[PDB]
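Enquirer: Residue numbers (the authors' numbering), protein chains in the order written: chain B, 146 to 192, 194 to 224, 227 to 270; chain A, 994 to 1287; chain C, 101 to 165.
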Amino acid sequence: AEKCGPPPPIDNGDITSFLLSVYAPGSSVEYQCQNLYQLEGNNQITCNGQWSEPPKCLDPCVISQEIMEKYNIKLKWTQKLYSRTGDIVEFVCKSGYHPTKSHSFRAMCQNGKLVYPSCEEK
Amino acid sequence: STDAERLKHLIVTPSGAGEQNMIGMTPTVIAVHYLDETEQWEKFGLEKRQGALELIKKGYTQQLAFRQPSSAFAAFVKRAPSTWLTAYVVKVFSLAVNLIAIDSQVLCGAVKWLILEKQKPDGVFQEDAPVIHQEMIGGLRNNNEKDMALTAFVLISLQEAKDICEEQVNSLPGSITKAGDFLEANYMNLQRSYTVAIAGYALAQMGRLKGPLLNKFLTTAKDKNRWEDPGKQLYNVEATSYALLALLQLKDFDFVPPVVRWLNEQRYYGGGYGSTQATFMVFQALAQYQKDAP
Amino acid sequence: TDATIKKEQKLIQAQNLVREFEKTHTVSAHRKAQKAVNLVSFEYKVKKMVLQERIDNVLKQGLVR
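#1: First and last residue of the beta strand (DSSP E) that includes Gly1044/A?
#2: Residues in the same chain with beta-carbon distance under 8 Å from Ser172/B, minus the five sequence neighbours each way, listed in chain order, please.
#3: Could you tell me which of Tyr1282/A, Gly1167/A, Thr1269/A sits nearest to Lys1084/A, measuring between CA atoms?
#4: So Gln1098/A contacts chain C; which residues on that side make the cut at Cβ distance below 9 Å?
#5: What would DSSP say about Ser1150/A, mapped onto helix, strand or coil?
#6: Is the stretch 1216-1235 of chain A touching the stretch 1247-1264 of chain A in the sense that three or more CB pairs, one from each, lie closer than 8 Å?
#7: Let me know if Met1181/A comes out buried or exposed under the rule of 16 or more other beta-carbons within 10 Å of its beta-carbon.
#8: Between the stretch 240-256 of chain B and chain A, which residues of the former have a C-beta closer than 8 Å to a C-beta of the latter?
#9: For the alpha helix (DSSP H) that contains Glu122/C, what are its first and last residues?
#10: Three or more C-beta pairs closer than 8 Å, one from the stretch 1043-1062 of chain A and one from the stretch 1113-1128 of chain A: is that the case here?
#11: Could you tell me whether the Cβ of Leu184/B comes closer than 9 Å to any Cβ of chain A?
#12: Are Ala1280/A and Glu1030/A close, meaning C-beta to C-beta below 9 Å?
#13: From this set, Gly1263/A, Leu1183/A, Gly1193/A, which residue's C-alpha is nearest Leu1240/A's C-alpha?
#14: Hey, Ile209/B and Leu262/B are a contact pair by Cβ (cut 8 Å); roughly how many whole angstroms apart?
#15: Starting from the C-beta of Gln1127/A, find all residues in its chain whose C-beta is less than 7 Å away, skip the five residues before and the five after it, and write them out in chain order.
#16: Check whether chain A comes within 9 Å of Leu164/B, counting only Cβ atoms and requiring the distance to be less than that.
#17: Check whether the stretch 1025-1042 of chain A and the stretch 245-260 of chain B touch, using three or more Cβ-Cβ pairs below 8 Å as the test.
#18: What is the C-beta distance between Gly158/B and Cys207/B, in whole angstroms, given that I count them as a contact (C-beta under 8 Å)?
#19: Using a Cβ-Cβ cut-off of less than 8 Å, give me the residues of the stretch 1144-1169 of chain A that come near chain C, in sequence order.
#20: I'd like to know if the stretch 234-252 of chain B and the stretch 1136-1154 of chain A are in contact, where contact means that at least 3 CB-CB pairs between them fall below 8 Å.
#21: Going by DSSP, name the residue or residues bridged to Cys241/B.
#22: Applying a beta-carbon distance threshold of less than 8 Å, which residues of chain B neighbour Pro1114/A?
#23: Counting contacts by CB-CB distance shorter than 9 Å, is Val146/C in contact with chain A?
#24: Kindly indicate if chain C contains any beta-carbon less than 9 Å away from that of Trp1106/A.
#25: Going straight from the alpha carbon of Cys1158/A to that of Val140/C, what length do you get?
#26: Is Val1104/A buried or exposed, if buried means 16 or more other CB atoms sit within 10 Å of its CB?
#27: Could you check the C-alpha separation between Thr126/C and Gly1204/A for me, to the nearest Å?
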């Protein structure tokens, strides 16, 4: 009723306290995302019976060696592998393979996507 | 069932820092666990059970002195928190909830820490502060396939504390799923029988050790009774115990008798330098065999 | 209110298993009662201490088989 129910469960994250069975009116709850996950919204959503809009964990990017070796590319600073939402990743070609100009070798990480440039041999 | 006359030495007094104390709890906790689930207390001496329970109490409250405010655990309070030590403490305490009283918030705070802080985007769990005693971590000391084996270890500890931390941690199912996704993705590329066994147990708990992945697990066994790699035999005993627990989850009881026969024929009764993971897993697997015996 | 429903189902299952332990001083009822009491929420703090005191009292009396 005038109090509150359970806090809304977000993806790739959770609240920062012990989950109460019944929540008081007007109480706000802090949210936290997993590692490298970028939060987008108010971490403290307040409590009528309907909760405030919970924040969203923006996904990060995983640059695995498999995708790079299939594209014949390396990193400029070869190896963090993990990148946050917005971190620019600078790729380079491998020995013998030259750039194909398919994409600029400076790739941004938006949510989950990240476009990989390619390199080809003579 | 292994005669309890040999296991008298596993009753010890937990004494040490954030790591030695768990090396002290491990034999006492797993011995009481074994004798309870095998129903050998009457012949071994039931009067000793209460005293052994008091020893487990000591280790529990002593370990609480090393619980960092981040709900994590390390050898000292001002030291960096270890992912493996937190997962192991969760595992030992999750078995100990059947023996002594345990605060649920301690285990669940440690689980929330492992999920939010020490799980990478692809579901891998990362050890950012390795323990001082690399002999208490068993076959996981080997560097090859450290990602797969550590993720499986933390995943097994999370699924053990599932009963206690389901209500308070909503990120637990998603974290378990992400870890199993990583294991399933890189399972067929494994070459180390220890990793095949521990990841097989983790996936079998999730009901994912099926199809070709399942085939790899069963075909890794030499002579269809043991999971071994070139190295110390304590690692091979730990791996075969993980494999026995995976088999017991898979209900493949036509494969179990040779494995239990090999485990009994090793005559391993616990103890030895860095015998923590070996003693814990061998007696966990044997106890779960006697409980799930066909 | 499935949250509070389970919060109370844990309590009643702990009550029945602690009573079964008090009536049957065995290892099996000890493990079941201890696991059930530990799973009770932080809400019923004093009630958990009562049931844990009862488990300890039964253990002081002793158990058989």
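Cβ coordinates follow ideal geometry from the N, Cα and C atoms, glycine included.
Expert: Here's the rundown:
#1: Element bounds for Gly1044/A: not the beta strand (DSSP E) but the alpha helix (DSSP H), 1040-1056.
#2: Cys149, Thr191, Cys192
#3: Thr1269/A
#4: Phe142
#5: helix
#6: yes
#7: exposed
#8: none
#9: 102-123
#10: no
#11: no
#12: yes
#13: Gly1193/A
#14: 7 Å
#15: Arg1134
#16: yes
#17: no
#18: So it is not a contact: roughly 17 Å between Cβ atoms.
#19: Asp1156, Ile1157, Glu1160
#20: no
#21: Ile219/B
#22: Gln179, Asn180, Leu181, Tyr182, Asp205, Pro206, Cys207, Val208, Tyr230
#23: no
#24: no
#25: 11 Å
#26: buried
#27: 42 Å
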